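Undergrad: Pasting an experimental structure with its sequence.
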Amino acid sequence: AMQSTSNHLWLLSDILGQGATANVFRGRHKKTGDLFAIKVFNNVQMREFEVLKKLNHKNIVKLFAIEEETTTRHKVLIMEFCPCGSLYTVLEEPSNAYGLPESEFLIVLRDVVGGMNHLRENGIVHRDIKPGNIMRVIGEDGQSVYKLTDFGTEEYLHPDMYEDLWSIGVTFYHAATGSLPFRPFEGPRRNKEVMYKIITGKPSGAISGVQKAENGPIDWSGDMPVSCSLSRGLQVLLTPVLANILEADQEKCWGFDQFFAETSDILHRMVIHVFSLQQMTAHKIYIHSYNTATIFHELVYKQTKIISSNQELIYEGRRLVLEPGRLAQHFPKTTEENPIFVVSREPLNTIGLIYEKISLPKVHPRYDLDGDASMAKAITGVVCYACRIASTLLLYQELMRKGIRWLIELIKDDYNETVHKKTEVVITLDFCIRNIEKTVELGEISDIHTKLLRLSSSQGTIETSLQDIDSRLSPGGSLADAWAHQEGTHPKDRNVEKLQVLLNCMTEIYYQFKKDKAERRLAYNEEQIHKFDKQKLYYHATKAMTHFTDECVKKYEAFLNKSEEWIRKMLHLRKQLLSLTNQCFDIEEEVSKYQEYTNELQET
Ligand SMILES: Nc1nc2oc3ccc(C4CCC(F)(F)CC4)cc3c(=O)c2cc1C(=O)O
């Protein structure tokens with residue numbers, strides 16, 4: 001049994017969304033077979049609907065046609081089908097439990113801004129903008145395309161409306177943290193009066209408010225949480241956009257013009273991957289393609305506290321000199337796995353990766369379909385976070401090995417250039433100390449030898465202290481990079497995939513418990529499968545956390561502690577080689593004062 005139209009038909013079982021106004025079924029066309037989103041209302045229109053047909057934009061669900069159902073003669077809207085679901089469906093997946101991927105987050109902000117801007121050009125106010133109103137379609141290139149459609153909700157209401165840019169800030173915060181900005185203890189339900197008190201608390205610059213105890217305080221914060229998977233350079237640019245659109249004061253609200261301007265400023269910036277080799281931290285510099293390298297070094301300082309003049313950059317196994325006027329679009333293309341390593345002559349503290357240390361929540365024995373579903377969602381998102389951090393720690397070590405194996409070659413290049421200047425001074429020394437012996441009033445020559453022999457003696461001390469450094473940059477010479485290959489984790493250990501196997505099992509059990517919650521009750525047979533897999537959900541999470549801490553973190557902290565020592569020994573050798581090379585330049589000119597002095601007397 002199902003309803004039909006002159007051109008479309010849909011099964012009642014293939015129901016998509018169920019709302020107060022209407023329900024949307026997944027239907028097909030009678031003549032083509034193409035899938036459409038059919039909207040059948042349960043219960044002026046002929047004009048406001050045809051004006052929504054001509055609305056053609058990439059970030060707007062196309063309203064194809066308006067037809068009348070056969071049996072009930074109900075107005076039916078034929079809308080574009082979005083097989084991936086809504087943004088809320090995307091945020092329900094455990095991989096996005098603590099925030100969307102950074103690239104996926106930029107697609108959301110681009111489509112949402114690009115969609116409402118087209119709606120403002122036509123003059124349509126959305127009133128309610130939530131992840132449920134933002135559909136997801138896969139584009140012809142494989143990247144997601146987000147669209148608006150339903151043009152509210154309790155959690156996304158303005159404080160004055162609780163009694164337009166507000167719900168947009170709550171959506172972006174939810175998409176970036178994987179959680180809501182203003183959450184009471186027992187959730188926005190019976191603590192609804194607390195939720196209103198949280199919004200009327202208007203801390204202006206702060207964007208979050210977590211009541212971690214029943215009827216307790218409200219933990220405010222102006223920055224994003226540590227679990228946020230966005231880069232630190234993106235949080236710096238995203239925080240002021242939200243804080244200025246999350247306060248009830250229309251006097252202090254931004255409006256769409258300043259909002260669209262500052263958001264367009266973020267999307268027009270290219271990414272330059274920079275890995276602080278001495279701090280063992282990866283960064284992303286959001287810089288416009290027309291900015292100079294001077295502003296680039298400014299952003300590197302604001303993210304690493306490294307002075308611009310001391311920033312020495314490495315790329316693809318060679319040094320990199322950035323001209324202060326070289327535009328950012330002419331920089332070499334960088335990835336997360338091939339960045340621009342930054343090193344400095346000043347000593348830098350070795351920090352590593354900073355992440356939120358979360359433990360497994362306890363599993364309850366109560367057979368509750370809703371409880372087991374909400375429990376399986378949180379515990380699977382925790383393993384996704386630990387699986388995310390594990391791959392980030394592996395990347396940090398692999399980036400560390402390349403940056404160290406490169407930096408030793410860059411130092412061996414500085415050593416070989418010192419040898420070139422040494423051979424220039426040795427050749428000049430010999431051809432001037434012996435050209436005097438050939439010609440050889442006594443004080444004018446004896447003073448030279450007491451000075452030439454002092455040069456050849458101090459020049460030789462450079463040679464001995466140089467071949468010592470050549471012995472230090474040799475294999476096993478108290479500075480080899482062999483320990484990096486024998487300390488932390490490696491892709492050969494396959495630790496990220498060992499955690500990803502247990503993650504898929506936990507996600508399948510989660511998706512099954514998500515189906516088991518839709519069914520109001522289960523049969524005795526299906527009930528014990530739900531209980532048996534609920535116990536396997538704990539054994540999988542316990543096996544993952546054990547392998548994560550007792551292998552991934554221990555090897556990482558052993559590699560990090562070994563890295564902090566090798567950095568000191570490397571900074572010490574760089575100061576010696578620099579002094580020894582400066583001791584070759586000042587004596588290169590000291591032999592320039594004597595090569596022309598007495599060797600060229602005056603006589604007619
Ligand atoms: N045009 C629209 N297309 C829509 O396609 C959809 C396609 C698939 C799904 C499922 C959602 C939850 C799940 F079952 F677990 C996995 C897939 C939902 C929708 C949907 O909700 C929708 C709404 C509209 C609208 O305009 O409201």
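TA: Arrived safely, thanks for sending. Residues are numbered from 1 along each chain as shown.
Undergrad: Quick check: residues of this structure near the ligand?
TA: Applying CB under 6 Å from any ligand atom, we find that the chain lies next to the ligand at 16-17, 24, 37, 61, 79-83, 85-86, 89, 135, 149-150. Just so you know, the C-beta spots here come from the backbone N, C-alpha and C atoms, and that holds for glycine as well.
Undergrad: Looking at this protein, which helix is longest?
TA: The residue-count maximum for a helix in the chain (DSSP state H) belongs to helix 369-439.
Undergrad: Pull the number of nearby residues for residue 475.
TA: As a burial measure, residue 475 scores 8 neighbours (other CB atoms under 10 Å).
Undergrad: Relative to residue 365, how far out is the residue nearest to it when sequence neighbours are not counted?
TA: Sequence neighbours aside, residue 482 is the residue nearest to residue 475 in space, at 7.2 Å (criterion: CB to CB, 6 or more residues apart in numbering). Separation of residue 482 from residue 365 (CB to CB, to the nearest Å): 51 Å.
Undergrad: Check which element follows the longest helix of the chain along the chain.
TA: Once the chain leaves helix 369-439, the next helix or strand it forms, by DSSP states H and E, is helix 443-472.
Undergrad: May I see the buried residues of that next one?
TA: 448, 452, 455, 459, 462, 466, 469, 472 (16 or more other CB atoms under 10 Å).
Undergrad: quick one: which of the residues of the chain next to the ligand sit in strands?
TA: Secondary structure assignment by DSSP state E places 16-17, 24, 37, 79, 135 of the residues of the chain next to the ligand in strands.
Undergrad: Looking at these, spot the one nearest residue 172.
TA: residue 135 (16.9 Å; CB to CB).
Undergrad: In this structure that closest one contacts residue 60, no?
TA: No: assessed by CB atoms under 8 Å, residue 135 is found out of contact with residue 60, at 9.8 Å.
Undergrad: higher neighbour count, the two?
TA: residue 135 (29 against 23).
Undergrad: In contact with the closest residue to the more buried one other than its chain neighbours, which residues are there?
TA: Of all residues not flanking residue 135 in the chain, residue 82 sits nearest, at 3.9 Å (CB to CB, 6+ apart). Residues near residue 82 by CB atoms under 8 Å, 6 or more residues apart in numbering: 37, 61, 135-137, 147.
Undergrad: So what does residue 82 look like in phi/psi?
TA: Here is the backbone geometry of residue 82 (degrees, to the nearest 10): phi -120, psi 90.
Undergrad: ok, now residue 210?
TA: Torsion angles, degrees, to the nearest 10, at residue 210: phi -110, psi 120.
Undergrad: Show the contacting residues for the closest residue to it other than its chain neighbours.
TA: Nearest non-adjacent residue to residue 210, counting by CB to CB, 6+ apart: residue 219, 4.6 Å away. Going by CB under 8 Å, 6+ apart, residue 219 touches 208-212.
Undergrad: how close does residue 219 get to residue 183?
TA: 10 Å.
Undergrad: Please tell me I have it right and residue 375 contacts residue 361.
TA: Yes: the criterion here is CB under 8 Å, and residue 375 meets it with residue 361 at 7.1 Å.
Undergrad: higher neighbour count, those two?
TA: residue 375 (21 against 11).
Undergrad: Enumerate every residue touching that one.
TA: Taking CB under 8 Å, 6+ apart as the test, what residue 375 contacts is 361, 363-364.
Undergrad: rewinding a little: quick check: the farthest pair among the contacts of residue 82?
TA: 37 and 136 (12.9 Å).
Undergrad: Mutual contacts of residue 219 and residue 183, please.
TA: 209-211.
Undergrad: from those residues, which would you call buried?
TA: 209-211.
Undergrad: Give me the common contacts of residue 135 and residue 60.
TA: Listed as contacting both residue 135 and residue 60 by CB under 8 Å, 6+ apart are 147-149.
Undergrad: Let's see the PyMOL selection covering just the buried ones among those residues.
TA: Buried residues among these (16+ other CB under 10 Å), as a PyMOL selection:
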select buried, resi 147+148+149
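Undergrad: Closest to the ligand out of the shared contacts of residue 135 and residue 60?
TA: Nearest to the ligand among the shared contacts of residue 135 and residue 60 is residue 149, at 3.5 Å by CB to the nearest ligand atom.
Undergrad: Could you give the number of residues near the closest residue in space to that closest one that isn't next to it in sequence?
TA: Spatial nearest neighbour of residue 149, excluding adjacent residues (CB to CB, 6+ apart): residue 61 at 3.8 Å. Counted with other CB under 10 Å, residues neighbouring residue 61 total 23.
Undergrad: what's the answer for the one 5 residues further on, then?
TA: Here the number of neighbours of residue 66 (other CB under 10 Å) works out to 16.
Undergrad: Assign a three-state SS to it, would you?
TA: strand (DSSP: H, G, I helix; E, B strand; the rest coil).
Undergrad: Quick one: residues contacting the residue nearest to residue 208 when sequence neighbours are not counted.
TA: Spatial nearest neighbour of residue 208, chain neighbours left out: residue 221 (4.4 Å); criterion: CB to CB, 6+ apart. Residue 221 is in contact with 206-210, counting by CB under 8 Å, 6+ apart.
Undergrad: Mind checking which of these land in strands?
TA: Those of those lying in strands (DSSP E): 208-210.
Undergrad: Please work out which residues outside stretch 406-422 touch it.
TA: Taking CB under 8 Å, 6+ apart as the rule, stretch 406-422 contacts 277, 314, 317-319, 341, 343, 459, 462-463, 466, 469-470, 473, 479, 481, 570, 573-574, 577, 580-581, 584-585, 588.
Undergrad: For ChimeraX, what selects the buried ones among the residues you listed?
TA: The following ChimeraX line selects those of the contacts of stretch 406-422 that are buried, judged by 16+ other CB under 10 Å:
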select :277,314,341,343,459,462,466,469,473,479,481,570,573,574,577,580,581,584,588
